[PDB]
Amino acid sequence: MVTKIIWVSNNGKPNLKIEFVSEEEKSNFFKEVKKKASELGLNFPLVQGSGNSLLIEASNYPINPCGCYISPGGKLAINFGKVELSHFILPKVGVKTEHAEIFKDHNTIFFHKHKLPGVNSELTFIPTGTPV
Ligand SMILES: Nc1ncnc2c1ncn2[C@@H]1O[C@@H]2COP(=O)(O)O[C@H]2[C@H]1O
């Protein structure tokens with residue numbers, strides 16, 4: 001699974017750092033998402049972070065709408081270019097209504113301030129049904 005995501009800042013630009021339980025899940029996620037993106041004719045800025053992490057870089061609007069931006073309310077927002085890439089990525093990340101504003105035919109999600117308030121804020125996913 002995706003174990004954790006982070007709002008980071010890099011060269012004064014918002015990123016989403018995505019962490020994976022392992023290097024193999026990271027690599028596969030990288031190849032699958034990139035492929036789905038290019039099939040949809042999108043250049044989605046997902047790049048290598050580390051052994052077990054990737055980054056979604058900032059959007060370059062209006063030229064390249066794909067990537068992270070700060071919305072006028074100060075939320076981290078991620079434009080996925082097309083509704084189909086959103087549909088593809090979100091479940092694999094585990095991102096849901098409790099995490100973000102996600103809209104029917106929209107291509108952009110908005111993280112709740114009470115969930116990711118600012119730079120270096122973290123959301124950790126822990127597997128459901130696990131001993132507690
Ligand atoms: N900096 C940006 N990066 C990516 N998309 C943006 C940016 N600014 C505006 N948009 C898009 O324009 C849309 C206008 O409506 P929304 O605020 O719902 O969502 C917005 C994003 O999809």
# chains A, B, ... in the order shown; residues from 1 in each chain; ligands from 1

$ residues_near_ligand --ligand "ligand 1" --cutoff "8 Å" --atoms "only C-alpha atoms and all ligand atoms" --output "PyMOL selection string"
chain A and resi 58-62+64-71+77-79+81+106-109

$ write_last_selection --atoms "C-alpha atoms" --output "PDB file, in the first residue's frame"
ATOM      1  CA  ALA A  58       3.839  21.459  -9.027  1.00  0.00           C
ATOM      2  CA  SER A  59       1.556  22.203 -11.993  1.00  0.00           C
ATOM      3  CA  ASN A  60       2.699  24.702 -14.733  1.00  0.00           C
ATOM      4  CA  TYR A  61      -0.674  26.344 -15.398  1.00  0.00           C
ATOM      5  CA  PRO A  62      -2.037  27.046 -18.000  1.00  0.00           C
ATOM      6  CA  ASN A  64       0.781  22.172 -18.128  1.00  0.00           C
ATOM      7  CA  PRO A  65      -2.259  21.967 -15.768  1.00  0.00           C
ATOM      8  CA  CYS A  66      -0.926  18.719 -14.192  1.00  0.00           C
ATOM      9  CA  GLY A  67       0.464  18.699 -10.636  1.00  0.00           C
ATOM     10  CA  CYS A  68       0.174  20.399  -7.223  1.00  0.00           C
ATOM     11  CA  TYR A  69      -0.870  23.938  -6.458  1.00  0.00           C
ATOM     12  CA  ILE A  70      -2.068  26.000  -3.510  1.00  0.00           C
ATOM     13  CA  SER A  71      -5.795  26.887  -3.927  1.00  0.00           C
ATOM     14  CA  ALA A  77      -4.696  20.864  -4.607  1.00  0.00           C
ATOM     15  CA  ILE A  78      -3.631  18.370  -7.251  1.00  0.00           C
ATOM     16  CA  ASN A  79      -4.762  18.718 -10.861  1.00  0.00           C
ATOM     17  CA  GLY A  81      -5.368  16.723 -16.147  1.00  0.00           C
ATOM     18  CA  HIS A 106     -13.501  17.126 -12.046  1.00  0.00           C
ATOM     19  CA  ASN A 107      -9.815  16.492 -12.666  1.00  0.00           C
ATOM     20  CA  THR A 108      -8.603  18.336  -9.537  1.00  0.00           C
ATOM     21  CA  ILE A 109      -8.852  17.310  -5.860  1.00  0.00           C
TER      22      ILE A 109
END

$ residues_around --residues "residue A:41" --least-positions-apart "4" --cutoff "12 Å" --atoms "only C-alpha atoms" --output "list in words"
residues 34, 35, 36, 37, 64, 66, 80, 81, 82, 84 and 85 of chain A

$ write_last_selection --atoms "N, CA and C atoms" --output "PDB file, in the first residue's frame"
ATOM      1  N   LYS A  34       2.359   6.866 -14.755  1.00  0.00           N
ATOM      2  CA  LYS A  34       2.978   7.393 -15.972  1.00  0.00           C
ATOM      3  C   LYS A  34       2.348   6.870 -17.277  1.00  0.00           C
ATOM      4  N   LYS A  35       2.197   5.549 -17.417  1.00  0.00           N
ATOM      5  CA  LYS A  35       1.550   4.983 -18.635  1.00  0.00           C
ATOM      6  C   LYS A  35       0.125   5.474 -18.842  1.00  0.00           C
ATOM      7  N   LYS A  36      -0.723   5.327 -17.820  1.00  0.00           N
ATOM      8  CA  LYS A  36      -2.089   5.822 -17.912  1.00  0.00           C
ATOM      9  C   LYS A  36      -2.077   7.315 -18.280  1.00  0.00           C
ATOM     10  N   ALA A  37      -1.145   8.069 -17.697  1.00  0.00           N
ATOM     11  CA  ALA A  37      -1.061   9.528 -18.013  1.00  0.00           C
ATOM     12  C   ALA A  37      -0.797   9.731 -19.508  1.00  0.00           C
ATOM     13  N   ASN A  64       0.995  23.525 -18.684  1.00  0.00           N
ATOM     14  CA  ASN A  64       0.781  22.172 -18.128  1.00  0.00           C
ATOM     15  C   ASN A  64      -0.072  22.239 -16.866  1.00  0.00           C
ATOM     16  N   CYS A  66      -1.181  19.860 -15.092  1.00  0.00           N
ATOM     17  CA  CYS A  66      -0.926  18.719 -14.192  1.00  0.00           C
ATOM     18  C   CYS A  66       0.027  19.010 -13.037  1.00  0.00           C
ATOM     19  N   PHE A  80      -5.103  16.554 -11.956  1.00  0.00           N
ATOM     20  CA  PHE A  80      -4.708  15.306 -12.644  1.00  0.00           C
ATOM     21  C   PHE A  80      -4.917  15.331 -14.164  1.00  0.00           C
ATOM     22  N   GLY A  81      -5.242  16.498 -14.704  1.00  0.00           N
ATOM     23  CA  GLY A  81      -5.368  16.723 -16.147  1.00  0.00           C
ATOM     24  C   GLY A  81      -6.710  16.265 -16.647  1.00  0.00           C
ATOM     25  N   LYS A  82      -7.009  14.966 -16.419  1.00  0.00           N
ATOM     26  CA  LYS A  82      -8.283  14.357 -16.797  1.00  0.00           C
ATOM     27  C   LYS A  82      -8.907  13.536 -15.664  1.00  0.00           C
ATOM     28  N   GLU A  84     -10.058  10.722 -15.775  1.00  0.00           N
ATOM     29  CA  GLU A  84      -9.667   9.312 -15.895  1.00  0.00           C
ATOM     30  C   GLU A  84      -8.352   9.053 -15.156  1.00  0.00           C
ATOM     31  N   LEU A  85      -7.458  10.046 -15.112  1.00  0.00           N
ATOM     32  CA  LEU A  85      -6.213   9.852 -14.384  1.00  0.00           C
ATOM     33  C   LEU A  85      -6.505   9.921 -12.882  1.00  0.00           C
TER      34      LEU A  85
END

$ closest_atom_pairs --of "stretch 27-116 of chain A" --to "stretch 1-21 of chain A" --cutoff "6 Å" --atoms "only C-alpha atoms" --output "tab-separated table"
residue	atom	partner	partner_atom	distance
A:52	CA	A:20	CA	5.3
A:53	CA	A:19	CA	4.3
A:54	CA	A:18	CA	5.2
A:55	CA	A:17	CA	4.4
A:56	CA	A:16	CA	5.1
A:57	CA	A:15	CA	4.9
A:58	CA	A:14	CA	5.8
A:68	CA	A:15	CA	6.0
A:93	CA	A:2	CA	5.6

$ write_last_selection --atoms "N, CA and C atoms" --output "compact mmCIF listing (two decimals), in the first residue's frame"
# COMPACT_ATOMS: atom_id res chain seq x y z
N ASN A 52 11.81 4.42 -1.83
CA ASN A 52 10.43 4.05 -1.51
C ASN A 52 9.45 5.23 -1.63
N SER A 53 9.89 6.32 -2.25
CA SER A 53 9.02 7.49 -2.38
C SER A 53 9.09 8.13 -3.74
N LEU A 54 7.94 8.71 -4.13
CA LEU A 54 7.81 9.53 -5.33
C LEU A 54 7.26 10.90 -4.93
N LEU A 55 7.37 11.84 -5.85
CA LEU A 55 6.83 13.19 -5.69
C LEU A 55 5.90 13.48 -6.87
N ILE A 56 4.78 14.14 -6.58
CA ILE A 56 4.02 14.78 -7.64
C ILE A 56 4.51 16.24 -7.55
N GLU A 57 5.13 16.74 -8.60
CA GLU A 57 5.62 18.13 -8.63
C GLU A 57 4.50 19.11 -8.88
N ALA A 58 4.83 20.41 -8.88
CA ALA A 58 3.84 21.46 -9.03
C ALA A 58 3.34 21.52 -10.46
N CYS A 68 0.62 19.74 -8.45
CA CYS A 68 0.17 20.40 -7.22
C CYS A 68 0.14 21.90 -7.30
N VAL A 93 -3.59 5.45 -4.26
CA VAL A 93 -3.08 6.24 -3.12
C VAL A 93 -3.89 5.98 -1.83

$ select_by_dssp --residues "stretch 3-81 of chain A" --states "alpha helix (DSSP H)" --output "short mmCIF file (atom, residue, chain, number, x, y, z; two decimals) with N, CA and C atoms, in the first residue's frame"
data_model
loop_
_atom_site.label_atom_id
_atom_site.label_comp_id
_atom_site.auth_asym_id
_atom_site.auth_seq_id
_atom_site.Cartn_x
_atom_site.Cartn_y
_atom_site.Cartn_z
N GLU A 23 10.10 -0.55 -2.27
CA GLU A 23 10.64 -0.13 -3.59
C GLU A 23 9.88 -0.73 -4.81
N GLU A 24 9.45 -1.99 -4.71
CA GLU A 24 8.71 -2.64 -5.81
C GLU A 24 7.33 -2.05 -6.08
N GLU A 25 6.61 -1.72 -5.00
CA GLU A 25 5.31 -1.04 -5.09
C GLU A 25 5.48 0.40 -5.58
N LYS A 26 6.56 1.06 -5.17
CA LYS A 26 6.90 2.38 -5.68
C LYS A 26 7.14 2.34 -7.20
N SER A 27 8.02 1.45 -7.63
CA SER A 27 8.37 1.33 -9.04
C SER A 27 7.16 1.04 -9.91
N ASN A 28 6.37 0.02 -9.52
CA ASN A 28 5.15 -0.35 -10.24
C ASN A 28 4.18 0.82 -10.31
N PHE A 29 3.93 1.49 -9.18
CA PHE A 29 3.03 2.65 -9.17
C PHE A 29 3.56 3.68 -10.15
N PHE A 30 4.87 3.87 -10.16
CA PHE A 30 5.48 4.86 -11.07
C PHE A 30 5.18 4.54 -12.54
N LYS A 31 5.42 3.28 -12.94
CA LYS A 31 5.19 2.85 -14.33
C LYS A 31 3.71 2.85 -14.77
N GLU A 32 2.83 2.43 -13.87
CA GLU A 32 1.41 2.35 -14.19
C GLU A 32 0.76 3.73 -14.33
N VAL A 33 1.10 4.63 -13.41
CA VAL A 33 0.52 5.95 -13.43
C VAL A 33 1.05 6.75 -14.64
N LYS A 34 2.36 6.87 -14.75
CA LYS A 34 2.98 7.39 -15.97
C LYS A 34 2.35 6.87 -17.28
N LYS A 35 2.20 5.55 -17.42
CA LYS A 35 1.55 4.98 -18.63
C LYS A 35 0.12 5.47 -18.84
N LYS A 36 -0.72 5.33 -17.82
CA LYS A 36 -2.09 5.82 -17.91
C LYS A 36 -2.08 7.32 -18.28
N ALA A 37 -1.14 8.07 -17.70
CA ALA A 37 -1.06 9.53 -18.01
C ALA A 37 -0.80 9.73 -19.51
N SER A 38 0.19 9.02 -20.04
CA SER A 38 0.59 9.27 -21.41
C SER A 38 -0.42 8.79 -22.40
N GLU A 39 -1.14 7.71 -22.06
CA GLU A 39 -2.26 7.20 -22.87
C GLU A 39 -3.35 8.25 -22.99
#

$ closest_residue --among "A:98, A:83, A:76, A:131" --to "residue A:111" --atoms "only C-alpha atoms"
A:76

$ select_by_dssp --residues "stretch 25-86 of chain A" --states "strand (DSSP E)" --output "ChimeraX atom specification"
/A:46-48,53-56,67-70,76-79

$ atom_distance --atom1 "atom CA of residue A:126" --atom2 "atom CA of residue A:112"
18.7 Å
